[PDB]
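*Asks:* model this:
(one chain, ligands or ions: 1)
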Amino acid sequence: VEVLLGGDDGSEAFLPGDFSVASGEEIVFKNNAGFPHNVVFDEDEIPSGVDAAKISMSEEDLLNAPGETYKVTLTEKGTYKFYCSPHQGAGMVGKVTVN
Ligand SMILES: [Cu+2]
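*Replies:* Numbers count the residues shown, from 1 in each chain. Please see the structure below:
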């Protein structure tokens, strides 16, 4: 699945923002507009025994040009909440359910 970081209008949302993937399916986050964006997984809201450091972007690495990607694959089944650091306050949060 591909997930846009920002709507074209600069809306601060993941698109889609609440989706499902199979274990092992690649998630392609694509910088869209309204950047800077990144993707961090909330360690309190992901399945037990998943290291959030392995699936989150590096803290200082922000996507700042259109089309730039961050690719990640989740395996442990469950729900995962993730967010954009800069726009967390503004409601740029998402949810993926791995099945
Ligand atoms: Cu953002």
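
*Asks:* hang on, residue 83 packs against residue 94?
*Replies:* Yes: the pair residue 83 and residue 94 passes the contact test of Cβ atoms under 8 Å, sitting 7.0 Å apart. Just so you know, the C-beta spots here come from the backbone N, C-alpha and C atoms, and that holds for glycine as well.

*Asks:* distance of the residue lying closest to residue 83 once chain neighbours are set aside from the ion?
*Replies:* Spatially, and ignoring its direct neighbours in sequence, residue 83 is nearest to residue 93 (4.6 Å; Cβ to Cβ, 6 or more residues apart in numbering). Per Cβ to the ion, to the nearest Å, residue 93 is found 10 Å from the ion.

*Asks:* what do you get for residue 62?
*Replies:* Counting by Cβ to the ion, the gap from residue 62 to the ion is 9 Å.

*Asks:* now swap in residue 14 and tell me
*Replies:* Here residue 14 is placed at a distance of 9 Å from the ion (Cβ to the ion).

*Asks:* residues from the protein in reach of the ion?
*Replies:* Counting by Cβ under 5 Å from the ion, the chain comes close to the ion at 37, 84, 86-87, 92.

*Asks:* OK, contacts around the residue nearest the centre of the chain?
*Replies:* Centroid-nearest residue in the chain: residue 39, 4.2 Å away (criterion: Cα atoms, centre = their mean). Neighbour list for residue 39: 5, 29, 56-57, 70, 72, 82-84 [criterion: Cβ atoms under 8 Å, 6 or more residues apart in numbering].
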